[PDB]
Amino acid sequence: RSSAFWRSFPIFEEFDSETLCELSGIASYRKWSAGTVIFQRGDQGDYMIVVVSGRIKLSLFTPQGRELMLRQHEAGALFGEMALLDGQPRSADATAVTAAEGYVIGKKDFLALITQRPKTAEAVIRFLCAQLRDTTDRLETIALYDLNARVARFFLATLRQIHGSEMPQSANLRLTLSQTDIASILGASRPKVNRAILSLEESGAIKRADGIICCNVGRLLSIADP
């Protein structure tokens, strides 16, 4: 696995072909059984992971016991890069939820590659900006809106993780997350997330067949609003 295969992942897309193909120069394989830790939020991160198979959850856990699911990453995802670029410890907790395999990249190699072909820095920056926006809109979502709108804005944001650049009218969606996973992302409780999803359905915002939600984008945008 080293073609134009490295263009599938965020950040690494957007590279010149030289650094790219030559870039499976510095991956090692690894794998993690279903239900195990890759690393913890305390930890030292001198390696960045790139996901080939499986589902890995990035989440914040609090001493009280509470969880904020930051992301569920599957094939084509990139995580663990902040503590690479920035001297700081890991900023979240990475758990394999199902049997997963990826490729790891070292700190010294990566960074040398950045500083060697420096318009790749540019790529990485456009990524961190992207994240910062994503995260601030999450924060606004959780702060200024109620739970129905929170769920609505979650569906519209993922229906931009799929379309984006703009948006039909009725779009089916394979969501792959349980409602416990949605409760964890939205910083709410399972039963109330459930009643909210059902609410969106009974109000004509969505309908749910098994694995598939046909969302009504717009019909969903004013539930997301007033």
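One-based numbering along the sequence shown.
Novice: Averaging CA B factors per stretch from the PDB record, which one is higher: 8 to 16 or 208 to 216?
Specialist: On average, C-alpha B-factors are higher across 208 to 216.
Novice: Which of the two stretches, 194 to 202 or 181 to 189, shows the higher mean Cα temperature factor in the record?
Specialist: Taking the mean B-factor of the alpha carbons in each, 194 to 202 is higher.
Novice: Reading the B-factor column of the entry, which of 26, 48, 38, 60 has the highest value at its C-alpha atom?
Specialist: It is 26.
Novice: Looking at 108, 90, 71, 153, which one carries the largest C-alpha B-factor according to the PDB entry?
Specialist: Of the candidates given, the C-alpha B-factor peaks at 108.
Novice: Could you look up the Cα B-factor of residue 42 in the entry and say which third of the chain it sits in: lowest, middle or highest?
Specialist: According to the entry, residue 42 has a C-alpha B-factor in the chain's lowest third.
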